[PDB]
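**Q** sequence, then structure. It's an experimental one.
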Amino acid sequence: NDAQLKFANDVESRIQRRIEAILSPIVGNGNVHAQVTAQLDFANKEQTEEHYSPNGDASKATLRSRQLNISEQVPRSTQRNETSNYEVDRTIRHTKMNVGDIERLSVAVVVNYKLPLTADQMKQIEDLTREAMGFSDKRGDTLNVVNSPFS
Amino acid sequence: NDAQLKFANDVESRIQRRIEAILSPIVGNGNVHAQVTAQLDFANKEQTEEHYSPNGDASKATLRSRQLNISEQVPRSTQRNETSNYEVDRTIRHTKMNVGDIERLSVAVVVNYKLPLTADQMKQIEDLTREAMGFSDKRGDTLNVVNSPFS
Amino acid sequence: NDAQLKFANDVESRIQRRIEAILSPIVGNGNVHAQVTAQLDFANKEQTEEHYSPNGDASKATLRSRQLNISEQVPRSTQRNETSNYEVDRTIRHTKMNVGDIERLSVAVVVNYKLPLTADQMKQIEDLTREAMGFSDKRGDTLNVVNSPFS
Amino acid sequence: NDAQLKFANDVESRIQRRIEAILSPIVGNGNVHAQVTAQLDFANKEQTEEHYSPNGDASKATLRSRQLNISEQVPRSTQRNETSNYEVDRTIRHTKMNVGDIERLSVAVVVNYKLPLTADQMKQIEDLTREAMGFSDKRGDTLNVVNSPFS
Amino acid sequence: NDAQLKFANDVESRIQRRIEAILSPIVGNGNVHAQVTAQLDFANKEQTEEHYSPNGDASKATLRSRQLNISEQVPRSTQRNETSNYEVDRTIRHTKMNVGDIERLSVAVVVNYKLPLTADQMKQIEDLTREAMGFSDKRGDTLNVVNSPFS
């Protein structure tokens, strides 16, 4: 359980070094700081699907057997007994999920002044950090980059 | 689990060296920096499909047995008892997926000035990096190449 | 599973040496650089097909047995009881796929100037590299060759 | 798995030495370079066919037994009960395919100038390389021979 | 293993020495070069045929038993019950194919000048090489003999 905090720090440290490695050529060697918060999924999760292809249409069903009796007397006594045995398409997936994936990333980046960086330069700083995190709106990641003078 | 972070770093390092090896002849030995973020699938995953070819059409069904009784009296008492046993085509795929594939790549590339590189030169830099990652819109890969003066 | 990265590097380095060996006589000993990205299939995959030839036509069906009773009274009471047992043609393919095949190749080639190479020379440089990769539109391979001055 | 790359290199090396051995007497000892890309099938594959000769025609069917009852009263009650047991011709092929065959060949040949070689001399250079490959349009082989001044 | 490439080289070397041994007396000791490409079948293959001679004709059928009841009343109630048991001719071929046969040969022959050889002399050079390969249009063999000055 204590090794899960060491693991989460290893995940955050690599994303942090990656952001400070792609922004240091732009703003300067020490004019950028990044902090990464990684929510990691440490739950053991097993799953087993079992899908069947629908055979409701006769032009795609696979019959194994079929007994079709059709009687008719003409006062029109009509009978139609039909027994059908099918062979069904079946996919069985079995996934044992990985323990230690990333549920969500929260990244805060501060860049020094030089004078406020133009909206153009800050627009591309956000898009590069967005690629250094592995940003994904599916995970609900959040990124905040502010420009303010250092101390 | 800690070996999965070393493995993901080995994947990113190779994609990164490959981008800096095909762009260094163009922009310069040290006028380009690349950072790769690889989302890897470490989940164990088995799958067993089992498809059957449809035999609803009589011109492609394979009969093993067939008992076709046809009675008829002529007041037209008509019977037609038909039992069919089929041999069915069957494919059975069993895939044990590989643990450690790439789900998604996020690559950020910064190239130095020389003056802003023309839109022609930057368009071919993007398409070369696109081939060095192994870019695939199926995986949802993202690539960001910006042109900004270094420090 | 890190030997799969060493294996994927052997695959890429052989395709790379093959491109720099067929273009070196044309453009020069060091006026070409190639980088290959190979997506390799490391999934264990079994498969067992089982096709049957259709015997719906009587001129190509193989009968093992046949009991054909045909009664007829003449008020025309007609009967026709027909049982048929068939011998069916059957193919059974069992394929154990190879672990380590190539799903897709992404090759990036840069060639030095000398002045921009004519569209004639660049069109044949692409066709040679296309043969050195083993390019196949079935795999969805991508190739990019750009002409730009080196450094 | 790595022995499959050494094997694929052995296949390509032999096709390459054979092309440079049949073109060296023509264009010169060092005025030709060839690169071969072999796609080898390393999948284990078994197959078991089982064909039956059709016996729908009575002039080629082989009867083991036959019970033919024919009743007839004359108001014309007619019966005809016919049971038939057949001996069927059967072929059973069992093929265990070879691991390491060639799926596809990609050969790129460059020949030096001397002045561009005439269309006559280049047409026969293509036909000899076509025979040194083992070229086959069934495998989808591709061959590219360009004439370009060396360096 | 790699022993199949050593075996295929042994097959090609013998066909090659045979071509250069029947053409050396004609064109000269070193005025001819041949390269042979052998596509060999290394698949294990068993086959079991089982043919039956048709006995539909009564003048060539072999009866073991026969019960022929023929009733007749004369209003003409006629019966004819005929049971037949046959002895059938049966051939059973079992072939275990040879591993290492030749599926296809591709031979390229170049002969020196002396002046272009007469179309008469080149027509008989092609027909001799055709006999030194073991040429067979069933296998789809290909032969290319060109006449061009050496170096």
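**A** That came in fine, so what should we check first? Numbers count the residues shown, from 1 in each chain, chains lettered A, B, ... in the order given.
**Q** and stretch A:61-70, is it in reach of chain B?
**A** Yes: Stretch A:61-70 reaches chain B (Cβ under 8 Å from any Cβ of the partner chain) through A:61-70. Backbone N, C-alpha and C define where each C-beta goes, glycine included.
**Q** drop anything exposed from those.
**A** A:61-64, A:66 (16 or more other Cβ atoms under 10 Å in any protein chain shown).
**Q** please narrow those to those residing in strands.
**A** Among these, the ones falling in strands (DSSP state E) are A:62-64, A:66.
**Q** and those near chain C, which?
**A** Filtering those for proximity to chain C by Cβ under 8 Å from any Cβ leaves nothing.
**Q** closest to chain E among these?
**A** Checking these against chain E with Cβ to the nearest Cβ, the nearest one is residue A:64 at 28.8 Å.
**Q** leaving out chain neighbours, which residue sits closest to the closest one?
**A** residue A:85 (4.5 Å; Cβ to Cβ, 6 or more residues apart in numbering or on different chains).
**Q** quick check: the one you found touching residue A:65?
**A** Yes: with contact defined as Cβ atoms under 8 Å, residue A:85 reaches residue A:65; the gap is 4.0 Å.
**Q** close to chain B, is the lengthiest helix in chain A?
**A** For chain A, the helix with the greatest residue count under DSSP state H is helix A:3-27. Yes: counting by Cβ under 8 Å from any Cβ, chain B is contacted by helix A:3-27 at A:7, A:10-11, A:14-15, A:18, A:21-22, A:24-27.
**Q** contacts for the next helix or strand after that helix next, please.
**A** Downstream of helix A:3-27, the next assigned helix or strand under DSSP states H and E is strand A:32-41. Identification of contacts with strand A:32-41 by Cβ atoms under 8 Å, 6 or more residues apart in numbering or on different chains yields A:4, A:7-8, A:11-13, A:15-16, A:19-20, A:23-24, A:97, A:99-112, A:129, A:133.
**Q** got a quick ChimeraX command for the buried subset of the residues you listed?
**A** Buried members of these, identified by 16+ other Cβ under 10 Å, are gathered into one ChimeraX selection as follows:
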select /A:7,8,11,12,15,16,19,20,23,24,97,99,100,101,102,105,106,107,109,111,112,129,133
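**Q** show me which of the contacts of strand A:32-41 neighbour chain D.
**A** Okay, of these, nothing touches chain D (Cβ under 8 Å from any Cβ).
**Q** tell me if residue A:132 really is in a strand.
**A** No: counting by DSSP: H, G, I helix; E, B strand; the rest coil, residue A:132 is not part of a strand but helix.
**Q** what's the spacing between it and residue B:35?
**A** 5 Å (Cβ to Cβ, to the nearest Å).
**Q** return the list of helices and strands in contact with the longest helix of chain A.
**A** On a contact count with 3 or more Cβ pairs under 8 Å, 6 or more residues apart in numbering or on different chains; DSSP states H and E, helix A:3-27 meets strand A:32-41, strand A:101-111, helix A:119-133, helix B:2-27, strand B:32-41, strand B:101-111.
**Q** I figured residue A:140 hits residue A:104, correct?
**A** Yes: contact criterion Cβ under 8 Å: residue A:140 and residue A:104 qualify, at 5.5 Å.
**Q** between those two, which contacts overlap?
**A** Taking Cβ under 8 Å, 6+ apart as the contact rule, residue A:140 and residue A:104 touch no residue in common.
**Q** ok, and the closest non-adjacent residue to residue A:116?
**A** For residue A:116, ignoring the flanking residues on the chain, the nearest one in space by Cβ to Cβ, 6+ apart is residue A:147 at 5.8 Å.
**Q** who touches the one you found in this structure?
**A** Contact analysis of residue A:147 by Cβ under 8 Å, 6+ apart lists A:110-111, A:113, A:116-117, A:122.
**Q** can you name the residues bridging to residue A:95?
**A** residue A:47, residue B:45 (DSSP bridges).
**Q** list the buried residues for the helix or strand hosting residue A:146?
**A** Using DSSP H and E, residue A:146 sits in strand A:142-147. Residues of strand A:142-147 classed as buried by neighbour count (16+ other Cβ under 10 Å): A:143, A:145, A:147.
**Q** and the residues you listed, which is closest to residue E:57?
**A** Taking Cβ to Cβ as the measure, residue A:143 is the one of the buried residues of strand A:142-147 closest to residue E:57, at 89.8 Å.
**Q** and the residue nearest to residue A:64, what helix or strand is that in?
**A** When elements are assigned from DSSP H and E, residue A:85 belongs to strand A:77-87.
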